[PDB]
2 protein chains.
Amino acid sequence: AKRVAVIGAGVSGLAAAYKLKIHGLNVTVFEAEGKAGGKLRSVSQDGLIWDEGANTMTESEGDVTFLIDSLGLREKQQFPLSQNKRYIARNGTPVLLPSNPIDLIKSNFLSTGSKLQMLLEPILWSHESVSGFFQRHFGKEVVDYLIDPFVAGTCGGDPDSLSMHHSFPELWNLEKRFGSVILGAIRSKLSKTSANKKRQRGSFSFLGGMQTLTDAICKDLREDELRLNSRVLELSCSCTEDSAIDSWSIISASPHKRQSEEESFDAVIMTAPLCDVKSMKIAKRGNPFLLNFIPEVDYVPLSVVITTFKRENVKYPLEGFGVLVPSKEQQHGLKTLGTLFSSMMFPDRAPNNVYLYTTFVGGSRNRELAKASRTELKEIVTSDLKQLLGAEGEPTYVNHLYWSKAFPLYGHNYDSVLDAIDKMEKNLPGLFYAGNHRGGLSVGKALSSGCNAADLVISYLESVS
Amino acid sequence: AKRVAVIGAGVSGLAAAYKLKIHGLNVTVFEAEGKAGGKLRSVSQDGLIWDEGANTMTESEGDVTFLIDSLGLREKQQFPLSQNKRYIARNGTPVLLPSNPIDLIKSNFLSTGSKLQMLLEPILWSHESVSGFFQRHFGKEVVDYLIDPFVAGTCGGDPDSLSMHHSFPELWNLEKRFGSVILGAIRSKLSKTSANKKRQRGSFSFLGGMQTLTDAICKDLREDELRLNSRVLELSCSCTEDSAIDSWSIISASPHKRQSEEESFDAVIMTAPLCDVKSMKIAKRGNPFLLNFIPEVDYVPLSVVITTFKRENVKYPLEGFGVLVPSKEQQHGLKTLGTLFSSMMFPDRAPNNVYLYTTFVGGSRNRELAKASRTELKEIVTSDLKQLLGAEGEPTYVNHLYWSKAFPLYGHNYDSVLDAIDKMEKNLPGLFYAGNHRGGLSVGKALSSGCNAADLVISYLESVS
Ligand SMILES: Cc1cc2nc3c(=O)[nH]c(=O)nc-3n(C[C@H](O)[C@H](O)[C@H](O)COP(=O)(O)OP(=O)(O)OC[C@H]3O[C@@H](n4cnc5c(N)ncnc54)[C@H](O)[C@@H]3O)c2cc1C
Ligand SMILES: Cc1cc2nc3c(=O)[nH]c(=O)nc-3n(C[C@H](O)[C@H](O)[C@H](O)COP(=O)(O)OP(=O)(O)OC[C@H]3O[C@@H](n4cnc5c(N)ncnc54)[C@H](O)[C@@H]3O)c2cc1C
Ligand SMILES: Cn1nc(-c2cc(C(=O)O)c(Cl)cc2F)c(Br)c1C(F)(F)F
Ligand SMILES: Cn1nc(-c2cc(C(=O)O)c(Cl)cc2F)c(Br)c1C(F)(F)F
Ligand SMILES: CC(C)(C)CC(C)(C)c1ccc(OCCOCCO)cc1
Ligand SMILES: CC(C)(C)CC(C)(C)c1ccc(OCCOCCO)cc1
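Residues numbered from 1 in each chain as written, not as in the entry; some residues may be left out. Chains lettered and ligands numbered in written order. Heavy atoms only, no water. Residues with missing side-chain atoms left out of burial classes, pairs and counts.

Method of determination, as annotated in the archive: X-ray crystallography, at 2.90 Å resolution.

This is how it is decided: UniProt positions are given in the numbering used here, feature names are shortened, and annotations may be inferred rather than shown by experiment.
The name that the PDB entry assigns to chain A is Protoporphyrinogen oxidase, mitochondrial, with the source organism given as Nicotiana tabacum. Its official PDB title, as written in the record, is "Crystal Structure of Protoporphyrinogen IX Oxidase". You can read under Subcellular location in the UniProt record for chain A the words "Mitochondrion". Recorded under Sequence similarities, the UniProt text for chain A is reproduced unchanged: "Belongs to the protoporphyrinogen/coproporphyrinogen oxidase family. Protoporphyrinogen oxidase subfamily."

Spelled out as structure tokens, the structure:
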């Protein structure tokens, strides 16, 4: 009977733990926090249902489809009732975003010089930032009101400080080969097998919030499987002796109330953020194993603010999923990142005579705004909501959660970060990392790095013989 | 006792007569010529196997796939063994053509200038010839070395005398709506077998020639079904009296029977070319129908010449399906329209130590060439094959067939031609036309117009309370 340690009870760790159990292996999951949900955190209150973390997800990954079926969550899968229409703030007011490439050249959303620069992109065309790349290829307007809002809506980050290579792999490649983005994209998408049937390829959630997914995985784990409040402090792997595959031991705190303890395992799946792996006393044989080589990864800080206005006071409502605020719009009074039209997407999340708005504040464009008092946050949100949707008066209700490290910032030296994760995995056998600082930042992707970590542990525990 | 006469045993007629038969309806097919084959005409002699008519076909039509299955011709369906690569004669020599429109900008088939006009087409952009349209939109080079070779390869016609509207419907529409071809195409190009598509697309044939299809339909039509040499001379429909659905009597001639003959039917599917319908004494009640004003449609004349050179004498062979000769290449010594690489596509069609070349001569660019003597034709073909493929000496073998009316020329007044076909149909009840002067000139299309004509008859057969 082999045992596998899994540090972190986020969607990634739960994915890994689940894929592990259904294959016999006995598992133990250490969770620093008091609740299992990872960045997936749904809350239920006074006639409201909201997500303080991930709000939606997609199944572009085989593993997502697989899990949705295993746990039997199809009936709980919830799609938006509202049309898929996103808006961008331009000069300080919502403008409808173009649904497809054609409308881009056919509408007025772009200047005459931007369209010509796009159309002629096929002819006119290491550490490059998302911003630089797109700039030289399609122009500034397209970086400011298109790719910027997109990055803001994905991690709340800033185009100027993201590795183009690491952020958009599917595009860095095409340039290397084809040389001109426009041409490449066309080449491919215009000329792992699981179930599904291209049925509702859009995004979606689950009745009750994104946390429903995480809970489903937890109902298959015993109280001894899932150890909450037990944050991992140290790791230790002993080799040699009389046996084979090395042995790992975990020192987690709160063994009770301000207590410490240990346990021995055969493999360990690392799922906590890279900035948390650093503050972990890990040792090889008998002498420490210094993580000095771990580059210092930065994070996008931001808080999710929830507000609710009586429909009678929202002068200019918009139909769709929400509004993104281009960092350039700060010079127009808009201080938030963007806001989702929650009750419009999921009307059950609130009373039919009110609007539920999930707003994101802070981000790379303004870190000291994520840490504002609920009051200060309350006004920031109202202020933008007034100017964007014509929201009149006070929020009727306000709540929020602050994430000091919401998303990993795939920066310049991110080419080296990956190297360290690999150096660590190579020098400390049995240890497999599967955070979201590798595969990508999205429920779906982390889920996959979790599964992929589990069967990596599996063919390692079985390579023995 | 439901009598259904189909005039003409071409693919269209045979398709119609087949669709009919498998739905009860007794049928009779009059075929002016000695052999059933329509424009489909295979010849299997001298270790050679060639087609004097249609050489290849496609199943972009549902009816084509249906027929291939009913008659069970899948095993006889034959695809080219050579790579789908076509060449264009330029300045005097073959030039590989871009397989799919996208290498059309990476490749050097077009000038930088011709790409600018193309890429910017989205911004810069009753009758009007195929030539005029394409000219104003993409430039002269694209008309001369792209859309012209295309038309030459489809009907041997000339861009300057073809209705843009009637020739390319799928494109005349997009301009009306979207306004700029390029943009439109993009919004419509990216809007049961295992190798279905690759086969659904990509032209093919059948072991033994295109005629094999025609023959499969003929082995399912008893002796009383197909009447050869029995050319239709007059039509006559009687109404009133004691019954219902009008009558239809055919007066077809004979040579081994002398005089003539008659027969009565309930419906009549016209399949002969519109230029033949004119030379048909047809009458309504008791008084004629005359025709001192029929849309006298013109035709593209041309002959299919067959030659065969010993491989040892073909200096510069090319891999692919063939070569197309832009009409502008006449000022360079090339007098032909194009030639297929017959034994390369189908190596079973000839001895492995020789090359079988199917060349088309004449066409709109030179009518008095399609009527040349086999000798004069033997030289013309040789002359071009030398300059194009480095063919040395005489053909080793020569044969040919001359079609004085190979293809219907969809000219200017073709908007009115269709009106007459409908006037005739809405007029004389029971009579349905289904030639190739309507649906389009290609085996696949005519086959469809035949099927669709059959169940149209079936509706008329019914629709009787
Ligand atoms: C505000 C916000 C909104 C988002 N919205 C979306 C969205 O709409 N769509 C989408 O696809 N993605 C969204 N995401 C991203 C998505 O939520 C994450 O990619 C995903 O949850 C990451 O999962 P994970 O399991 O890798 O990590 P996490 O969820 O971060 O979990 C890691 C776990 O490690 C535990 N841990 C840390 N240190 C220790 C230790 N020493 N010992 C034990 N346990 C430890 C933590 O407590 C935590 O539970 C959003 C993220 C945020 C922050
Ligand atoms: C040289 C050449 C090459 C071609 N190559 C290709 C190719 O590679 N790919 C492709 O897709 N298409 C090709 N085509 C086009 C395609 O073959 C034709 O569009 C199609 O065969 C037309 O079919 P149809 O039934 O309308 O007419 P036809 O085949 O002409 O048949 C009409 C029938 O009417 C009969 N008829 C006429 N008058 C009378 C009368 N008075 N009484 C009784 N019967 C009568 C005729 O004898 C004939 O059999 C080619 C055409 C030609 C001429
Ligand atoms: C995670 N998230 N989602 C949105 C967001 C996304 C969309 C979308 O298009 O999916 C919309 Cl409409 C509005 C948002 F606020 C934003 Br600004 C953020 C972030 F990163 F700031 F926290
Ligand atoms: C019917 N036909 N096919 C070709 C032809 C077509 C292709 C092709 O594109 O498939 C090629 Cl490579 C060579 C030809 F000669 C030509 Br020029 C003709 C015509 F109209 F002149 F009789
Ligand atoms: C390959 C992709 C589809 C991931 C990214 C590309 C560059 C095409 C892109 C990038 C940005 C973009 O802007 C729309 C803003 O909407 C935010 C939605 O979250 C639209 C497309
Ligand atoms: C929709 C079509 C296929 C009718 C026409 C378009 C404009 C796409 C076209 C037109 C011309 C063209 O040139 C290639 C010559 O190929 C000879 C094949 O008979 C390629 C494509």
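Let's talk about the pattern of salt bridges
Two side chains of opposite charge can pair, provided their charged atoms sit close to one another. Residues and elements named next belong to chain A. Defined as follows: The working definition used for a salt bridge is a side-chain nitrogen of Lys or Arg within 4 Å of a carboxyl oxygen of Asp or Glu. Each residue's exposure class comes from its accessible area (1.4 Å probe, protein chains only) as a fraction of the maximum for that residue type: buried when under 20%, exposed when over 50%, partly exposed otherwise.
Across all of its chains, the model carries 37 salt bridges over all chains by this definition. Among the ionic pairs, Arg74 bridges to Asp69, the shortest N-O distance being 3.1 Å. Given a relative accessible area of 33%, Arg74 falls into the partly exposed group. One connected set of salt bridges, linked through shared partners, spans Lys21, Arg222, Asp224 and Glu225.

Here's the deal with the interface of chain B and chain A
Here is the rule we go by: In what follows, residue pairs with any heavy atoms lying within 4.5 Å of each other are defined as contacts. Runs of H or I in DSSP of at least four residues are treated as helices and runs of E of at least two as strands, each being numbered from the N terminus.
Listed by partner, the interface residues are 14 residues for chain B and 13 residues for chain A. In terms of residues, the side of chain B that touches chain A owes the most to one element, helix α3 (residues 112–119) of chain B, which gives 3 residues.

Some thoughts on the packing of α3(B) against helix α5 (residues 130–138) of chain B
When two helices pack together, their arrangement is given by the angle between the helix axes and the distance between those axes. Residue and element names in this part refer to chain B. The condition that has to hold: Here an angle of 0 to 180 degrees is reported between the N-to-C directions of two axes, which are lines fitted to C-alpha atoms, with helices fitted over the stretch in contact. Each angle receives one of four descriptions, namely roughly parallel if under 35 degrees, roughly antiparallel if over 145, roughly perpendicular if within 65 to 115, and oblique otherwise. Three residue categories are used. Nonpolar comprises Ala, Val, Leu, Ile, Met, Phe, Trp, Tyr, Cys and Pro, charged comprises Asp, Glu, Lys and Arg, and polar comprises the others, including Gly.
Following both chains from N to C, one finds α3 and α5 inclined at 95°, their axes separated by 8 Å at the closest point. The angle between α3 and α5 places the two elements in the roughly perpendicular class. Only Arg136, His137 and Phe138 of α5 make contact with α3, whose side of the interface consists of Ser114, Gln117 and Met118. A breakdown of the residues in the contact of α3 with α5 according to their chemical character gives 2 nonpolar, 3 polar and 1 charged.

A closer look at the relation of the copies chain B and chain A
Stated formally: Each copy is overlaid on the others through least-squares superposition based on its C-alpha atoms.
The operation relating chain B to chain A is a screw motion whose rotation component is 180°, with 0.9 Å of axial translation and a residual RMSD of 1.5 Å. These values place the two chain copies in the arrangement generated by a two-fold rotation axis. For chain B, the minimum C-alpha distance to the rotation axis belongs to B:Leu119 and amounts to 2.9 Å. When the interface residues of chain B are mapped onto chain A, 93% of them again fall at the interface, so both copies present the same face.

Considering the site of ligand 5
All names here are of chain A. Counted only if it meets this: Note on terminology: near, applied to a residue and a molecule or strand, indicates that one of the residue's heavy atoms is within 4 Å of it. Identification of polar contacts relies on pairs of N or O atoms within 3.5 Å, with a donor-acceptor requirement for protein atoms, meaning one able to donate a hydrogen and the other able to accept it, and with residues adjacent in sequence counted only if both atoms are side-chain atoms. Surface accessibility follows the Shrake-Rupley procedure with a 1.4 Å probe radius. Residue values consider only the protein chains on display as shielding.
Around ligand 5 sit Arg86, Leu97, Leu146, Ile147, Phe150, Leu171 and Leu324, and that is every residue in its neighbourhood. In this structure, an oxygen atom belonging to ligand 5 sits 3.2 Å away from a main-chain N or O atom of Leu146. Within the complex, 58% of the 550 Å² of free accessible area of ligand 5 lies under protein. Per-element tally for the shell around ligand 5: the top contributor is helix α7 (residues 140–155), with 3 residues. Among the residues forming the shell around ligand 5, the class breakdown is 6 nonpolar, no polar and 1 charged.

Focus: the side chain of A:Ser448
Of note, A:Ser448 is situated in helix α16 (residues 443–461). For A:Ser448, the residues in contact, after removing those within four places along its chain, are A:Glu61 and A:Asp63.

Let's talk about the domain arrangement of chain A
All names here are of chain A. Keep this limit in mind: Reported domain spans reflect what an automatic or database domain assignment gives. By buried area we mean the combined loss of accessible area, with a 1.4 Å probe, across both parts when two parts are placed together.
In terms of domains, chain A is made up of domain 1 (1–38 + 212–298 + 411–465), domain 2 (39–96 + 193–208 + 299–409) and domain 3 (97–124 + 128–191). Look at where the C-alpha atoms of domain 2 and domain 3 centre, and you get two points 25 Å apart. The partner domain 3 presents 17 residues to the 19 residues of domain 2 that form the contact. With both chains or domains summed, domain 2 and domain 3 bury close to 1,500 Å², and 60% of this area falls on carbon and sulfur atoms. Considering only the side of domain 2, the residues that lose the most area to domain 3 are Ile88, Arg90 and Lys328, jointly responsible for 34% of the buried surface there. Across the pair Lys328 and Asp144 runs a salt bridge, and its minimum N-O distance is 3.9 Å. For the pair domain 2 and domain 3, the interface holds 6 residue pairs in polar contact.

A word on the environment of A:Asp220
All names here are of chain A. Inspection of the secondary structure puts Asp220 in the loop between α11 (211–218) and β9 (226–227). A relative accessible area of 36% places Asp220 in the partly exposed class. With residues up to four places along the chain from it excluded, the contact list for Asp220 reads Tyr18, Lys21 and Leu71.

Some thoughts on the site of ligand 2
Residue and element names in this part refer to chain B. Taken together, 30 residues form the shell around ligand 2, and within it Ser12, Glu31, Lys39, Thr56 and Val232 come nearest. Contacts to ligand 2 include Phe30, whose backbone N or O atom sits 3.2 Å from a nitrogen atom. Interatomic distance of 2.9 Å between a backbone N/O atom of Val232 and a nitrogen atom of ligand 2. Starting from 1,000 Å² of accessible surface for ligand 2 in isolation, the protein chains cover 90%. Only α1 (11–21), β2 (26–31), β14 (299–310), β18 (398–408) and α16 (443–461) provide two or more residues apiece to the shell around ligand 2. A domain split of the shell around ligand 2 shows at least three residues from each of domain 1 (1–38 + 212–298 + 411–465) and domain 2 (39–96 + 193–208 + 299–409).

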